Each structure stands twice: as C-alpha cells, then as structure tokens.
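J.: Would you be able to build a 3D model of this:
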Amino acid sequence: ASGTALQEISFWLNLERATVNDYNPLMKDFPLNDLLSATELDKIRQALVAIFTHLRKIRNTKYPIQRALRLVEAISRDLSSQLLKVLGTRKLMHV
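T.: Residues are numbered from 1 along each chain as shown. Please find the structure below.
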C-alpha cells in the first residue's frame, strides 16, 4: 500500500538485479511514467488506457490478485495527484 506504482516496478526490477521471472512480462515496460509525464488531461486518459493494456499481461503471470489490486490503487493515487496538478493550472473558478 506504501509507494507509487513507479516505485513498485523499480523495486521489482531491483529484485531482478539482486518470482521476478514469473512477473517479468507485467513489469517489462509499465507506462505509469508516461501518465505522470503528460501535462494534458486528454493525454492522461489515453495513457491510462495504455497502463490497463500493460496490466492485461497479469493473466500470463503468477502474480497474486491482492498485489495487483494494490498496484491498481497506487495507479489511482498517481492519477488523482496528476489530475489535481493539471486542474490547478486552469483556475476553474475564474473562467
């Protein structure tokens, strides 16, 4: 529950550089960084679809369900933070 999905994928890669083979397809190339990098709300939803497409790889892995659920919650936390970030610039009251 502690830490973002970006931290989780890096930690799994670090464990691979120290289980990991079974979850390697899922952690091969997550697009969570792309969602964080995007400053456009339309790009963020498109990036979210890509993150879910990468998550589909869980079927061909031995990943427990609860841990992938926790990763989903971390993704949601990052999404909420990024949505607040992009909304704060627009000054919704003034427009």
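J.: only C-alpha atoms for contact and neighbour calcs from this point on.
T.: Fine.
J.: all helices of this structure, in order?
T.: 5-16, 24-27, 32-37, 41-55, 65-90 (DSSP state H).
J.: Next, format the ones you listed as JSON lines and append mean neighbour count.
T.: What follows is those, written out as JSON lines (neighbours: other Cα atoms under 10 Å):
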{"stretch": "helix 5-16", "mean neighbour count": "15"}
{"stretch": "helix 24-27", "mean neighbour count": "19"}
{"stretch": "helix 32-37", "mean neighbour count": "17"}
{"stretch": "helix 41-55", "mean neighbour count": "16"}
{"stretch": "helix 65-90", "mean neighbour count": "14"}
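J.: dump the residue contacts of the residue nearest the centre of the chain.
T.: The centre of the chain sits closest to residue 32, judged by Cα atoms, centre = their mean, with a distance of 3.7 Å. For residue 32, the contact set (Cα atoms under 8 Å, 6 or more residues apart in numbering) comprises 5-6, 47-48, 51, 75.
J.: And it, how far from residue 92?
T.: Residue 32 sits 26 Å away from residue 92, going by Cα to Cα, to the nearest Å.
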